[PDB]
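Same protein, same chain, two forms; see structure 1 and structure 2 below, as structure tokens.
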Structure 1
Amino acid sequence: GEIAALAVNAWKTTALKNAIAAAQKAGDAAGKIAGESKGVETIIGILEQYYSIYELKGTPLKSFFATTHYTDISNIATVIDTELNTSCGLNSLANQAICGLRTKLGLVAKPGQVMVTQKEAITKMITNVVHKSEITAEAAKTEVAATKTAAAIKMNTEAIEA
């Protein structure tokens, strides 16, 4: 039945047009997830390896980045700025893990030199760390979104030939 065959053949064409759309939305979903988790894992890795930091806001990094996005340069820097001022000061003995940042970032006062403002030093650091993290996250999102789209449009295509 020639017109039967042309009906299925126009059906397979609509399936294939839908499949393409399916395979991109499935790819992007997977890229988003891979991206916003390589970012978290890269920023944590950087704080822990280069800066020996394993907590912020008095939570472990794991929990912290669940509630504030690893790209939120403003609030990351503000968190550090605040934790530095209220845990490396005079008025408590609480948690002095983070205080090393002042040595690292060059804030310790040197008689004979100009003043390095704390918050500007932190936002330079956090901008560098977040840019790094966003770039590796983007590569993860690029790979994973491509790998899923390819597999989906392949799998669906072969399905649309049975």
Structure 2
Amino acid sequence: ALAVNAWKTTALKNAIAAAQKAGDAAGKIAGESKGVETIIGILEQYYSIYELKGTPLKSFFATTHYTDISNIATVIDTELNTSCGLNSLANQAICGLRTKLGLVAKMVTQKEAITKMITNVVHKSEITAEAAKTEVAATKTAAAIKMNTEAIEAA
């Protein structure tokens, strides 16, 4: 069976490349979800930031990308200033961020500490997203190539 093995040879090469692209597609989507999910989790537990611009973080990160450090940092810095000045009220939740950012003199502005904090947070959420992408891509690829090889070897 010369002609039979020749086409199965090409079929299997294509099945491999298809199962990898199927895995990447699924992992890419899994990564995006996991990244947004991770930054929200960090800001809420570690920094008790539960809203920005009057809205829950889930809504905020629909219009601001979770990796957009410069935008995220500016919004947090602006919100601290408008909510936590001497004319401000009510012990707003975001005001606690100042103590969490180690500003006391032991030389960093508030905006600089926030920028480093968010850079740190975004880096952790990107690599956590990358891990989820890696797992989901591998699980899908394994299941796809197994299914496809068994088909070609049985045809």
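The term rigid core refers to the most C-alpha atoms you can superpose between the two forms while keeping them within 1.5 Å. Structure 1 provides the reference sequence; residues are numbered from 1 along it.
With a cut-off of 2 Å and the rigid core superposed, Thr142 has a Cα displacement that falls short of the cut-off between the two structures. Annotation for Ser74: C-alpha shift under 2 angstroms between the two structures, rigid core superposed. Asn128 shows a C-alpha shift below 2 Å between the two structures [criterion: core-superposed Cα displacement of 2 Å]. Core superposition places the C-alpha of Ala152 1.2 Å apart between the two structures. The two forms, fitted on their core, place the C-alpha of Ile98 0.9 Å apart, compared between the two structures.
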